[PDB]
$ cat my_file-v1.pdb   # PDB, C-alpha atoms (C1' of nucleotides)
ATOM      1  CA  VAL A   1     -28.702  -2.338  -5.076
ATOM      2  CA  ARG A   2     -30.496  -5.645  -5.549
ATOM      3  CA  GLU A   3     -27.876  -7.328  -3.397
ATOM      4  CA  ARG A   4     -28.572  -4.682  -0.760
ATOM      5  CA  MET A   5     -32.329  -4.175  -1.110
ATOM      6  CA  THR A   6     -33.315  -7.770  -0.386
ATOM      7  CA  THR A   7     -30.904  -8.170   2.510
ATOM      8  CA  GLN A   8     -31.504  -5.077   4.631
ATOM      9  CA  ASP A   9     -34.652  -4.515   6.647
ATOM     10  CA  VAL A  10     -37.777  -2.934   5.245
ATOM     11  CA  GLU A  11     -39.079   0.423   6.576
ATOM     12  CA  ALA A  12     -35.527   1.378   7.465
ATOM     13  CA  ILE A  13     -33.865   1.768   4.086
ATOM     14  CA  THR A  14     -33.815   4.959   2.060
ATOM     15  CA  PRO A  15     -32.419   5.891  -1.370
ATOM     16  CA  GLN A  16     -29.336   7.230   0.389
ATOM     17  CA  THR A  17     -28.948   3.798   1.978
ATOM     18  CA  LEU A  18     -29.501   1.654  -1.086
ATOM     19  CA  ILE A  19     -27.337   3.580  -3.559
ATOM     20  CA  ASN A  20     -23.566   3.214  -3.742
ATOM     21  CA  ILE A  21     -22.316   5.762  -6.278
ATOM     22  CA  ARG A  22     -18.739   4.500  -6.043
ATOM     23  CA  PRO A  23     -18.987   2.144  -9.074
ATOM     24  CA  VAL A  24     -20.466   4.974 -11.156
ATOM     25  CA  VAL A  25     -17.753   7.487 -10.322
ATOM     26  CA  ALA A  26     -15.073   4.802 -10.610
ATOM     27  CA  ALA A  27     -16.450   3.797 -14.005
ATOM     28  CA  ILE A  28     -16.375   7.324 -15.392
ATOM     29  CA  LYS A  29     -12.893   7.909 -14.005
ATOM     30  CA  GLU A  30     -11.605   4.662 -15.462
ATOM     31  CA  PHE A  31     -13.050   5.680 -18.778
ATOM     32  CA  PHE A  32     -11.581   9.175 -18.847
ATOM     33  CA  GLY A  33      -8.253   8.158 -17.527
ATOM     34  CA  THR A  34      -7.059   4.866 -19.034
ATOM     35  CA  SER A  35      -9.021   4.138 -22.154
ATOM     36  CA  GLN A  36      -7.772   3.886 -25.701
ATOM     37  CA  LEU A  37     -10.315   6.502 -26.808
ATOM     38  CA  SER A  38      -9.952   9.255 -24.219
ATOM     39  CA  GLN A  39      -6.754  10.524 -25.727
ATOM     40  CA  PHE A  40      -4.195  12.972 -24.472
ATOM     41  CA  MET A  41      -5.231  15.914 -26.579
ATOM     42  CA  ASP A  42      -2.530  16.624 -29.100
ATOM     43  CA  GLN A  43      -1.891  20.294 -29.634
ATOM     44  CA  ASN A  44       1.225  21.928 -31.034
ATOM     45  CA  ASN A  45      -0.837  24.160 -33.343
ATOM     46  CA  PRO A  46      -4.589  24.888 -33.459
ATOM     47  CA  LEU A  47      -4.974  22.621 -36.472
ATOM     48  CA  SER A  48      -3.803  19.478 -34.715
ATOM     49  CA  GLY A  49      -6.283  20.191 -31.968
ATOM     50  CA  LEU A  50      -9.079  20.732 -34.465
TER      51      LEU A  50
ATOM     52  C1'  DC B   1     -27.994 -61.213 -41.754
ATOM     53  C1'  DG B   2     -25.147 -57.208 -39.262
ATOM     54  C1'  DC B   3     -20.471 -54.336 -39.524
ATOM     55  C1'  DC B   4     -16.681 -51.196 -40.096
ATOM     56  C1'  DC B   5     -12.438 -47.938 -44.286
ATOM     57  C1'  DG B   6     -11.942 -42.586 -46.742
ATOM     58  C1'  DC B   7     -14.085 -38.423 -47.352
ATOM     59  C1'  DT B   8     -15.703 -35.002 -44.691
ATOM     60  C1'  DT B   9     -16.721 -31.811 -41.345
ATOM     61  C1'  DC B  10     -15.204 -29.558 -37.419
ATOM     62  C1'  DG B  11     -12.197 -28.121 -33.702
ATOM     63  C1'  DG B  12      -8.169 -26.129 -32.681
ATOM     64  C1'  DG B  13      -3.455 -24.185 -32.052
ATOM     65  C1'  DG B  14       0.608 -20.905 -34.318
ATOM     66  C1'  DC B  15       1.870 -16.761 -36.564
ATOM     67  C1'  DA B  16       1.559 -12.488 -39.235
ATOM     68  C1'  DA B  17       8.859  -5.968 -40.193
ATOM     69  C1'  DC B  18      12.490  -3.368 -37.630
ATOM     70  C1'  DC B  19      14.112   1.111 -34.812
ATOM     71  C1'  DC B  20      11.502   5.127 -31.045
ATOM     72  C1'  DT B  21       7.646   6.586 -27.263
ATOM     73  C1'  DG B  22       5.412   5.962 -23.205
ATOM     74  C1'  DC B  23       5.822   5.149 -17.455
ATOM     75  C1'  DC B  24       1.637   3.523 -11.101
ATOM     76  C1'  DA B  25      -4.736  -0.944 -12.296
ATOM     77  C1'  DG B  26     -10.311  -2.678  -6.159
ATOM     78  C1'  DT B  27     -14.291  -3.427  -1.558
ATOM     79  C1'  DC B  28     -18.984  -5.263   3.403
ATOM     80  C1'  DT B  29     -22.353  -7.433  10.365
ATOM     81  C1'  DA B  30     -18.081  -6.371  13.539
ATOM     82  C1'  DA B  31     -16.094  -7.030  16.648
ATOM     83  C1'  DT B  32     -14.278  -8.885  21.984
ATOM     84  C1'  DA B  33     -10.886 -11.951  24.902
ATOM     85  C1'  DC B  34      -6.558 -13.632  25.452
ATOM     86  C1'  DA B  35      -2.045 -15.601  25.204
ATOM     87  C1'  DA B  36       2.074 -15.279  23.486
ATOM     88  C1'  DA B  37       5.618 -12.630  20.904
ATOM     89  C1'  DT B  38       8.133  -9.120  20.637
ATOM     90  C1'  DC B  39       9.533  -4.405  20.792
ATOM     91  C1'  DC B  40      11.433  -0.768  23.453
ATOM     92  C1'  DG B  41      13.099   2.523  26.926
ATOM     93  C1'  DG B  42      15.744   2.807  30.698
ATOM     94  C1'  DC B  43      19.535   1.786  34.933
ATOM     95  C1'  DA B  44      23.271  -1.112  35.791
ATOM     96  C1'  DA B  45      26.620  -5.203  35.238
ATOM     97  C1'  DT B  46      30.622  -3.890  33.559
ATOM     98  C1'  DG B  47      34.901  -3.704  30.512
ATOM     99  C1'  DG B  48      37.390  -2.395  27.081
ATOM    100  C1'  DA B  49      38.536   1.221  24.146
ATOM    101  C1'  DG B  50      40.220   5.671  23.831
ATOM    102  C1'  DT B  51      42.761   9.681  25.926
ATOM    103  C1'  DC B  52      45.928  13.183  28.806
ATOM    104  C1'  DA B  53      49.778  14.156  31.238
ATOM    105  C1'  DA B  54      53.851  13.174  33.017
ATOM    106  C1'  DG B  55      58.062  11.019  32.470
ATOM    107  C1'  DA B  56      62.794   7.768  31.020
ATOM    108  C1'  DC B  57      66.185   7.847  27.741
ATOM    109  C1'  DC B  58      69.468   7.654  23.848
ATOM    110  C1'  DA B  59      71.871  10.183  21.279
ATOM    111  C1'  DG B  60      72.613  13.530  17.759
ATOM    112  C1'  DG B  61      73.490  17.677  15.877
ATOM    113  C1'  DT B  62      74.396  22.007  18.334
ATOM    114  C1'  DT B  63      76.588  25.356  22.008
ATOM    115  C1'  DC B  64      80.637  26.423  25.017
ATOM    116  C1'  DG B  65      86.069  26.586  27.896
TER     117       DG B  65
END
$ encode --input "my_file-v1.pdb" --output "structure tokens"
Amino acid sequence: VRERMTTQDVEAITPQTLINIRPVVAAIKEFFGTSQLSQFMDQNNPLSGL
DNA sequence: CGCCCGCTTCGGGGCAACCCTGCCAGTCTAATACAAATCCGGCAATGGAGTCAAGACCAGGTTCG
């Protein structure tokens, strides 16, 4: 945003223009997939799930 | 008078069980203009490769006077 806000022209930008949500959605997806904490949920009885 | 030999402190790299069991990671002026390379799609130089059909012939078991 601060790389974009200074560079582009004033009285033409809008919050849709300044905001790139792609790092946010990529960050959540790379947490949920591919982290050592978001585990494949082990269930072969209810107790192992619990 | 000024000047360097042992602690001493600090950096700084190496290593710390063996089988299984997994399975694929990213973004910001945007375009023209052109020349050469190269692909590629299609007739025509063939030209050689394959193919049919007839035939030449020996002779070798097989048929006849």
$ interface_residues --input "my_file-v1.pdb" --of "chain B" --to "chain A" --cutoff "12 Å" --atoms "all atoms listed in the file" --output "PyMOL selection string"
chain B and resi 22+24-29
$ atom_distance --input "my_file-v1.pdb" --atom1 "atom CA of residue A:29" --atom2 "atom CA of residue A:2"
23.8 Å
$ atom_distance --input "my_file-v1.pdb" --atom1 "atom CA of residue A:25" --atom2 "atom CA of residue A:8"
23.9 Å
$ axis_aligned_box --input "my_file-v1.pdb" --around "stretch 43-46 of chain A" --padding-each-side "3 Å" --output "AutoDock Vina command-line options"
--center_x -1.7 --center_y 22.6 --center_z -31.5 --size_x 11.8 --size_y 10.6 --size_z 9.8
$ atom_distance --input "my_file-v1.pdb" --atom1 "atom CA of residue A:6" --atom2 "atom CA of residue A:18"
10.2 Å
$ decode --input "my_file-v1.pdb" --residues "chain A" --atoms "C-alpha atoms" --output "tab-separated table (two decimals), in the first residue's frame"
chain	number	residue	atom	x	y	z
A	1	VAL	CA	0.00	0.00	0.00
A	2	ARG	CA	2.68	2.51	0.97
A	3	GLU	CA	4.64	1.55	-2.12
A	4	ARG	CA	1.48	2.21	-4.13
A	5	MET	CA	-0.03	5.19	-2.31
A	6	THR	CA	2.94	7.51	-2.77
A	7	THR	CA	3.50	6.58	-6.40
A	8	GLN	CA	0.04	6.81	-7.95
A	9	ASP	CA	-1.75	10.09	-8.53
A	10	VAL	CA	-3.90	11.78	-5.93
A	11	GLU	CA	-7.67	12.27	-6.46
A	12	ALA	CA	-7.70	9.16	-8.63
A	13	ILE	CA	-6.98	6.38	-6.16
A	14	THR	CA	-9.61	4.55	-4.16
A	15	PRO	CA	-9.47	1.80	-1.51
A	16	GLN	CA	-10.15	-0.72	-4.27
A	17	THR	CA	-7.09	0.66	-6.06
A	18	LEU	CA	-4.69	0.77	-3.14
A	19	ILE	CA	-5.44	-2.64	-1.62
A	20	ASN	CA	-3.97	-5.87	-2.96
A	21	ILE	CA	-5.55	-8.72	-0.99
A	22	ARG	CA	-3.37	-11.33	-2.68
A	23	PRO	CA	-0.69	-11.40	0.07
A	24	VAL	CA	-3.41	-11.80	2.71
A	25	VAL	CA	-5.14	-14.71	1.01
A	26	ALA	CA	-1.78	-16.25	0.08
A	27	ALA	CA	-0.64	-15.92	3.69
A	28	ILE	CA	-3.69	-17.67	5.11
A	29	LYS	CA	-3.47	-20.41	2.50
A	30	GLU	CA	0.21	-20.96	3.16
A	31	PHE	CA	-0.58	-21.22	6.82
A	32	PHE	CA	-3.43	-23.70	6.49
A	33	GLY	CA	-1.74	-25.79	3.91
A	34	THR	CA	1.97	-26.26	4.66
A	35	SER	CA	2.64	-25.41	8.26
A	36	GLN	CA	3.87	-27.68	11.01
A	37	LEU	CA	0.87	-26.73	13.16
A	38	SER	CA	-2.08	-27.05	10.78
A	39	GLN	CA	-2.07	-30.81	10.97
A	40	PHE	CA	-3.86	-33.41	8.94
A	41	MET	CA	-6.55	-34.25	11.43
A	42	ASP	CA	-5.99	-37.74	12.72
A	43	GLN	CA	-9.16	-39.72	13.15
A	44	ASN	CA	-9.55	-43.48	13.29
A	45	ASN	CA	-11.83	-43.25	16.34
A	46	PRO	CA	-13.59	-40.27	17.96
A	47	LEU	CA	-11.03	-40.24	20.76
A	48	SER	CA	-8.05	-39.58	18.52
A	49	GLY	CA	-9.92	-36.68	17.01
A	50	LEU	CA	-10.80	-35.31	20.43
